[PDB]
Each structure stands twice: as C-alpha cells, then as structure tokens.
Amino acid sequence: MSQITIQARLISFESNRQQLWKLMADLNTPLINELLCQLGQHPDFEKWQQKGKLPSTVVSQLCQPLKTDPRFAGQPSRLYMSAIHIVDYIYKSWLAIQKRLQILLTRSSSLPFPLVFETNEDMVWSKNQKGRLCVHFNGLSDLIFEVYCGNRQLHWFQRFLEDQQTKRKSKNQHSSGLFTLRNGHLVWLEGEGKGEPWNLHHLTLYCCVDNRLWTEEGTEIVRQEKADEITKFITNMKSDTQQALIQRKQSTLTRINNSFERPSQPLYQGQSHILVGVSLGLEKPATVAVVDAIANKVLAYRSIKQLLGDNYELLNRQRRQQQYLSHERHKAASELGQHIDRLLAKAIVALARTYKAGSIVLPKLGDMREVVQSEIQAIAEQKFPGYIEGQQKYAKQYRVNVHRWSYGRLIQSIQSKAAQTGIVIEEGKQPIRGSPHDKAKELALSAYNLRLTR
RNA sequence: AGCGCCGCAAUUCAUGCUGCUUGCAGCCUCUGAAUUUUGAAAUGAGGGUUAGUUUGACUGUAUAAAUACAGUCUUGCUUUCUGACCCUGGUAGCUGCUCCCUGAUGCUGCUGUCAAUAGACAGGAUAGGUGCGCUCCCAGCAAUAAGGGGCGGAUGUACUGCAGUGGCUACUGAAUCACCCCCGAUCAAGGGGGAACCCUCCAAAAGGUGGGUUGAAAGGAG
C-alpha cells in the first residue's frame, strides 16, 4: 500500500524529442480524446454511472480495432495498453469524485497526455560512456534517453541498474516480480519560452517504488508474503490456462528463493503496549501524547510548538496566507500547507521512533467536523461566561481570523510516513471539552482499549 | 475599544532536574503548557531572478538501540523559509460596465521636489496603526436595481445622457545570482582567479602548501 515517487528529467537529442512529440501529440492525444468521446456516447455509460468501477476487458475489446487504423498505424501495442490504462484511471477517478459529490466532461491543455508502464521488464537501463544512467524502453529501443536527478534520487536508479545487471548475469534465474519498480509515468512540465515545441517543453519520468524493497529485511518479508500467498492459492486450487498458470507460479516460487545482493539494515519492531496518540485541534492544531497504555502514567507530552524545530513561524505564515486566500475567494496558492503537513509527519514519526513506539492513533476525518465545532463552542464559553451574543461574536471572529488546517493532507502524510517507517496506524473517537493534550491522551487510551477488545 | 499572533515578569504544572522509594519529596539551571499586565524580545513585508547549499546512498566500529566516527560514489527532479538585485511600467490591438442621495461591499493611502486640485521627477518598500497582520475600524473614491429622488431627447413604459473603469496577447528587461567575478552552454561540460574565518605542515615571523566553512529544510504521483 506504500509507494514512493521518484522524479527525473530526460535529456536527448533534438531529433529524438521531435520523434517522440510527433508520436504522442498527433497519435496518442487524439486516441485519448476519441475514446473519451466514445465512452461518453457508449450506450452502457448510463449503466456504468451507477457503479464506480470499470473493467479493462471491455475497454480493450472496444479499443483493439484502432491498432490497424491507418491514422494510428505506427505505434507499439504497449503504448496502446498504456493509453487504455490511462483512460481507465481517469474514468475511475471521475466516478470516484462523482460519487463523493453525490454530459461532455472533456477538458483540454497544451502538454500531451502521459505514457504509463505497469511492467518492469520492458524498461531497460544502461551505463553511458560518460557515466550517466541511460534508459531505453522496450520498443523504439534504438533511441537513447539520459536521466538527470538529484542526490536523494540517484541511488534508486543505481539499484535499478544493479537489479538489471543481476537479472541479466544470472541467466534470468532471479524473480522479476521482486524488483522495486511498480509504475512508470512519462509526462512533460510545460517549458516556458518560445521556439520549437519539442525543444521547449521538458520531459520527465516518475518511478513508483516500494519502501519494503530498499532494505534486506523488507525483501525477506515481501518474498515470504508472496510465497505464502502462492502456496495458499495453490492449496485452495488443490483447464490449460490454469495449468500453465500453476507452473508459472511454481517457477516464480523457485525464482524467489534466490537472494539479491542488497544492504542489510536492522528492522524496527515497536512495542505493542506502547502507544502514541495525536489530537487535531484549532488553537493547538496538533498535540502528541506518548503513553505506556498499561499504567496511567504518560511518558511524553508534546505541543506543536516543540514539534517544529525553528519552524514555528511557518504555521503563522500559512494561517495568514489561508486567511488572505479566503478573503480573495470571498471577493469573487503557494502549497505551503502540504509542506507543513509533511514536516509534521516527519516530526511525529521521529518522535515515535525516539520512544520506541509502534502504534499511533489519529482522529477520523469524517466525524471530526463536529469536534471542531464543539471546540469552537467550548472556547466561546471559555472566553465569555454566559451571554450568547458574546459567544456568537467570539465564534465569528475566531472563524474569520483562522480557518481549517487541511486535516486530510495531514492524515495522508502521517499514513505515508508511518508506512515508510513501519508504525501501525489506528483510529479512535476524539473526546469533547477537554485539554488538547488530555484529548490526545484520552484518544490513545481509547485506541488501546479498542485494540484490546478487537 | 474588541479579535488572532510573537515574547517580558511572576504563580502553578512537567513534558526538566536533584535521590532512587523507580514514583514518590523539593525546585525552575536548561526546555515546554495554563493564567493578569504592558506596549522589550520576536513574528511580520510585491513580482520574479539558479543545472542553487544542505536535508544523499553504500561498507565497518562503539552503542541492546537512537546517535557518533572512519572509507568510496555523487547529478542537475518538484517545493518551504531566509539573504541580495530592478520595479511599481513601454510599444500596438481586443474586451465587460456607466444624474444625485442614503447603504452591505470593494479600491487607495512609502519618502523629498515642481503644479493648492490632474501628472511627472529620484530614493526605496522599514507600503496609513497598538510589536505585526486581519471580511475590524481612519478619510476620500467606485460600483451594483440594495432602495429613494427626479429631468431632457425619445409617440413610446423600451433606449440614451444629466468622458472614466479592470482583464488578455508578441517584443522589450531587471535579477538567470546562495561568498563573489570571467568564459560558450542553459536538452547541457565545467574551468580559472579573488577577499574573510578555522585546523594541520613548512615557516623566528610575515607569507605559502593540504583540507573545511562561506544558510537551513520536505517529498507518493494523480
């Protein structure tokens, strides 16, 4: 469930970029547009409106005659299935957002639609004579691409090259599914300026990798899980296609037994009894309570001011920017909230790792709006005792001065960082009319009680 | 006057210390939370300017672990703050809305000089405020059928008045720099020299050789 996106820039000759632009803009983009129009006019679209799913079999069965079409004749079938995967993902996202919010539905832009790659054997690496990390995809392999990236992204490509060399050196005796690659995305970045379009817009690649494949212990865990799943499926099954499938599965099981030359790092196994709870508020948007959960003595209290080491002014800056943006919208973004959420996630994960924590609880996003409203109400009578005009005025002022804190982004960041480290994530009921530190402590004890009962 | 925010005193607490009784007694030396104060420490600023520095990876030793140290490679992807730079615009076109009063609401307000009133000339954002911003007030103005008061042309109840407003395109160009310059490149490859600090060696010393510092961070895409 955990994936990491690695970004890189692709540099090649002018003729190479010209060929790619002539191959995508004039072929793939009209492909995407025409299948979007076809599914819009497809008679089963109305039936598919009810259920938020779309199998790829029907899309392939409606798309394969375009392979031999004169306008779209020259293109690898891998790019065609990339296009159908892209349209499937886009339509699934459209169904998801329509169901969440519960025609033509076509928009346009300047950069060409991307290129996907689910399999990993097609994308092949090589070492340049200069020393760069060249990549050549399966199909049009005579055209070379140079990869450029930062210091914290080059070692993943080094591991990709090492995996390729190990695969080709051992006569393909190693497992292909054990590679760190998950997905590959080929996009552009809207290069500004004037001139030739192919020489103006940069080309970039995103590689989806798995956290549990970088270290050795993760690679033993994942191969043990895969072997257990394969054996369980075989015993469940214990028909030429199914037969060939079972020999392929046993062949992959044999391939798994071979070990990769990967670095060894000790695995983190947090204690089950130790708990960490995080409470999301407004006056104190994030509070942390590290509790033993066995005896009612709390190991650690942490307010948000201590979490951001020499970064507390960033919260005030983001609040001011949010207020200004709300005022601007009321008349008719720097994306700092994402950075603050990621900083908070890193700080909380570091705090949990310091205290040997293994379980952390977060409030649920859906039912915490009433929690925010009750916190506003509680601080309203906190400021003014009993005259309802005072509480109403204070609530209006406090709402206009400070707005929401983008809780869902924080939830996603915490989940991603915990999955990167290996800390269990739980949910619980946030209590009402209590101190935020006491709120976090009560949430942690409630989470421990729920885990004990369930 | 009131709202949020940064921190100064004092009280309490510990999420800190003193001892081990490993949860209890005391305290604020460091670090944080709650409470009255006030305008003495901090937050705070319009638009951009990089192949930007750092937060990297692997191999071992101390450490149960975090963490520190020694050896090798290195890269330019996307961002958050901070430091420095010019400026509040020019060339040509397109487009929305329009009498007085009372309004919710919105715009403006930096310094010195020529015209009291239109506009320019230079510096420069320490842009009108209690320490700073804010749908909040300080004056002017603007617009909307939010209402009232209408008048002329118009047979007409419809329409127009009683010269302004904001937005979009191609060039221009100011940064194209993280100590600062020069050289061709910004689909690509760096080199040379210079001023300041620290360590070691030569060196009575001056000075030179070898190394490091010339800011810190975050990243799963959609």
# chains A, B, ... in the order shown; residues from 1 in each chain; ligands from 1
$ interface_residues --of "chain A" --to "chain B" --cutoff "7 Å" --atoms "only C-alpha atoms (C1' of nucleotides)" --output "JSON, numbers by chain"
{"A": [3, 4, 5, 7, 8, 9, 11, 12, 13, 148, 149, 150, 151, 152, 155, 199, 300, 301, 302, 313, 327, 336, 339, 342, 343, 354, 397, 401]}
$ select_by_dssp --residues "range 60-176 of chain A" --states "strand (DSSP E or B)" --output "ChimeraX atom specification"
/A:115-116,124-127,133-136,145-148
$ write_last_selection --atoms "N, CA, C and O atoms" --output "mmCIF file, in the first residue's frame"
data_model
loop_
_atom_site.group_PDB
_atom_site.id
_atom_site.type_symbol
_atom_site.label_atom_id
_atom_site.label_comp_id
_atom_site.auth_asym_id
_atom_site.auth_seq_id
_atom_site.Cartn_x
_atom_site.Cartn_y
_atom_site.Cartn_z
ATOM 1 N N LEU A 115 2.497 8.786 -20.659
ATOM 2 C CA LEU A 115 2.743 7.389 -21.104
ATOM 3 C C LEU A 115 3.026 6.512 -19.881
ATOM 4 O O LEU A 115 3.970 6.828 -19.134
ATOM 5 N N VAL A 116 2.244 5.445 -19.696
ATOM 6 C CA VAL A 116 2.367 4.608 -18.464
ATOM 7 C C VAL A 116 3.244 3.386 -18.744
ATOM 8 O O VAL A 116 3.612 3.206 -19.909
ATOM 9 N N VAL A 124 14.567 -0.786 -19.697
ATOM 10 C CA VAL A 124 15.916 -1.318 -19.527
ATOM 11 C C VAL A 124 16.893 -0.169 -19.312
ATOM 12 O O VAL A 124 16.786 0.884 -19.955
ATOM 13 N N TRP A 125 17.835 -0.362 -18.392
ATOM 14 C CA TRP A 125 18.874 0.616 -18.103
ATOM 15 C C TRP A 125 20.181 0.260 -18.797
ATOM 16 O O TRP A 125 20.369 -0.846 -19.311
ATOM 17 N N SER A 126 21.093 1.229 -18.794
ATOM 18 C CA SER A 126 22.438 1.054 -19.315
ATOM 19 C C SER A 126 23.320 2.151 -18.740
ATOM 20 O O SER A 126 22.834 3.186 -18.273
ATOM 21 N N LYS A 127 24.627 1.913 -18.786
ATOM 22 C CA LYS A 127 25.614 2.866 -18.302
ATOM 23 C C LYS A 127 26.250 3.582 -19.485
ATOM 24 O O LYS A 127 26.792 2.939 -20.389
ATOM 25 N N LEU A 133 23.236 7.552 -16.445
ATOM 26 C CA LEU A 133 22.350 6.395 -16.333
ATOM 27 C C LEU A 133 21.332 6.466 -17.463
ATOM 28 O O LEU A 133 20.272 7.079 -17.320
ATOM 29 N N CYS A 134 21.653 5.837 -18.590
ATOM 30 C CA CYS A 134 20.769 5.883 -19.741
ATOM 31 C C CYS A 134 19.657 4.851 -19.601
ATOM 32 O O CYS A 134 19.828 3.804 -18.974
ATOM 33 N N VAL A 135 18.507 5.160 -20.194
ATOM 34 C CA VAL A 135 17.348 4.276 -20.172
ATOM 35 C C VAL A 135 16.805 4.165 -21.591
ATOM 36 O O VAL A 135 16.778 5.155 -22.330
ATOM 37 N N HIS A 136 16.409 2.952 -21.984
ATOM 38 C CA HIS A 136 15.778 2.716 -23.284
ATOM 39 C C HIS A 136 14.621 1.742 -23.069
ATOM 40 O O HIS A 136 14.818 0.596 -22.656
ATOM 41 N N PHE A 145 17.935 7.675 -24.005
ATOM 42 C CA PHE A 145 17.466 8.741 -23.124
ATOM 43 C C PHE A 145 18.427 8.866 -21.946
ATOM 44 O O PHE A 145 18.767 7.863 -21.310
ATOM 45 N N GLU A 146 18.856 10.092 -21.653
ATOM 46 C CA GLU A 146 19.710 10.331 -20.496
ATOM 47 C C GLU A 146 18.873 10.793 -19.308
ATOM 48 O O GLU A 146 17.983 11.635 -19.454
ATOM 49 N N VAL A 147 19.170 10.251 -18.129
ATOM 50 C CA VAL A 147 18.403 10.534 -16.921
ATOM 51 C C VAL A 147 19.189 11.498 -16.041
ATOM 52 O O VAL A 147 20.390 11.307 -15.811
ATOM 53 N N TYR A 148 18.515 12.538 -15.551
ATOM 54 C CA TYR A 148 19.102 13.533 -14.663
ATOM 55 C C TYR A 148 18.232 13.630 -13.417
ATOM 56 O O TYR A 148 17.003 13.698 -13.522
#
$ residues_around --residues "residue 195 in chain B" --least-positions-apart "6" --cutoff "12 Å" --atoms "only C-alpha atoms (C1' of nucleotides)" --output "PyMOL selection string"
chain B and resi 179-181+214
$ residues_around --residues "residue 108 in chain B" --least-positions-apart "6" --cutoff "12 Å" --atoms "only C-alpha atoms (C1' of nucleotides)" --output "list in words"
residues 127, 128, 139, 140, 141 and 142 of chain B
$ write_last_selection --atoms "N, CA, C and O atoms (P, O5', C5', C4', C3', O3' and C1' of nucleotides)" --output "PDB file, in the first residue's frame"
ATOM      1  P     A B 127       7.066  50.322   6.433  1.00  0.00           P
ATOM      2  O5'   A B 127       6.202  49.316   5.548  1.00  0.00           O
ATOM      3  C5'   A B 127       6.131  49.456   4.132  1.00  0.00           C
ATOM      4  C4'   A B 127       5.089  50.471   3.724  1.00  0.00           C
ATOM      5  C3'   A B 127       3.677  50.204   4.241  1.00  0.00           C
ATOM      6  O3'   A B 127       3.032  51.448   4.512  1.00  0.00           O
ATOM      7  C1'   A B 127       3.654  50.267   1.881  1.00  0.00           C
ATOM      8  P     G B 128       2.980  52.012   6.015  1.00  0.00           P
ATOM      9  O5'   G B 128       1.623  52.846   6.071  1.00  0.00           O
ATOM     10  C5'   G B 128       1.631  54.258   5.925  1.00  0.00           C
ATOM     11  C4'   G B 128       0.481  54.896   6.665  1.00  0.00           C
ATOM     12  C3'   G B 128       0.061  54.209   7.956  1.00  0.00           C
ATOM     13  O3'   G B 128       0.886  54.554   9.056  1.00  0.00           O
ATOM     14  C1'   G B 128      -1.854  54.694   6.658  1.00  0.00           C
ATOM     15  P     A B 139     -13.424  58.569   9.495  1.00  0.00           P
ATOM     16  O5'   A B 139     -12.745  59.795   8.735  1.00  0.00           O
ATOM     17  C5'   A B 139     -13.484  60.569   7.800  1.00  0.00           C
ATOM     18  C4'   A B 139     -12.635  60.980   6.624  1.00  0.00           C
ATOM     19  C3'   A B 139     -13.211  60.665   5.251  1.00  0.00           C
ATOM     20  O3'   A B 139     -14.137  61.642   4.806  1.00  0.00           O
ATOM     21  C1'   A B 139     -10.967  59.937   5.345  1.00  0.00           C
ATOM     22  P     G B 140     -15.284  61.250   3.750  1.00  0.00           P
ATOM     23  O5'   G B 140     -14.516  61.151   2.358  1.00  0.00           O
ATOM     24  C5'   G B 140     -13.872  62.285   1.793  1.00  0.00           C
ATOM     25  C4'   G B 140     -12.966  61.892   0.653  1.00  0.00           C
ATOM     26  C3'   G B 140     -13.618  61.094  -0.466  1.00  0.00           C
ATOM     27  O3'   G B 140     -14.304  61.914  -1.396  1.00  0.00           O
ATOM     28  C1'   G B 140     -11.609  60.036   0.177  1.00  0.00           C
ATOM     29  P     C B 141     -15.771  61.506  -1.911  1.00  0.00           P
ATOM     30  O5'   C B 141     -15.490  60.485  -3.100  1.00  0.00           O
ATOM     31  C5'   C B 141     -14.591  60.815  -4.148  1.00  0.00           C
ATOM     32  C4'   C B 141     -13.982  59.580  -4.761  1.00  0.00           C
ATOM     33  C3'   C B 141     -14.956  58.615  -5.420  1.00  0.00           C
ATOM     34  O3'   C B 141     -15.313  59.004  -6.735  1.00  0.00           O
ATOM     35  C1'   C B 141     -13.489  57.412  -4.013  1.00  0.00           C
ATOM     36  P     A B 142     -16.764  58.640  -7.319  1.00  0.00           P
ATOM     37  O5'   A B 142     -16.671  57.082  -7.642  1.00  0.00           O
ATOM     38  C5'   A B 142     -15.722  56.583  -8.572  1.00  0.00           C
ATOM     39  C4'   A B 142     -15.747  55.077  -8.627  1.00  0.00           C
ATOM     40  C3'   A B 142     -17.111  54.450  -8.865  1.00  0.00           C
ATOM     41  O3'   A B 142     -17.459  54.427 -10.240  1.00  0.00           O
ATOM     42  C1'   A B 142     -16.030  53.343  -7.074  1.00  0.00           C
TER      43        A B 142
END
$ select_by_dssp --residues "range 132-265 of chain A" --states "helix (DSSP H, G or I)" --output "ChimeraX atom specification"
/A:151-169,197-200,211-213,216-237,240-256
$ residues_around --residues "range 438-441 of chain A" --least-positions-apart "3" --cutoff "10 Å" --atoms "only C-alpha atoms (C1' of nucleotides)" --output "ChimeraX atom specification"
/A:275-281,286-291,293,296,298,300-302,361-363,429-435,444-447
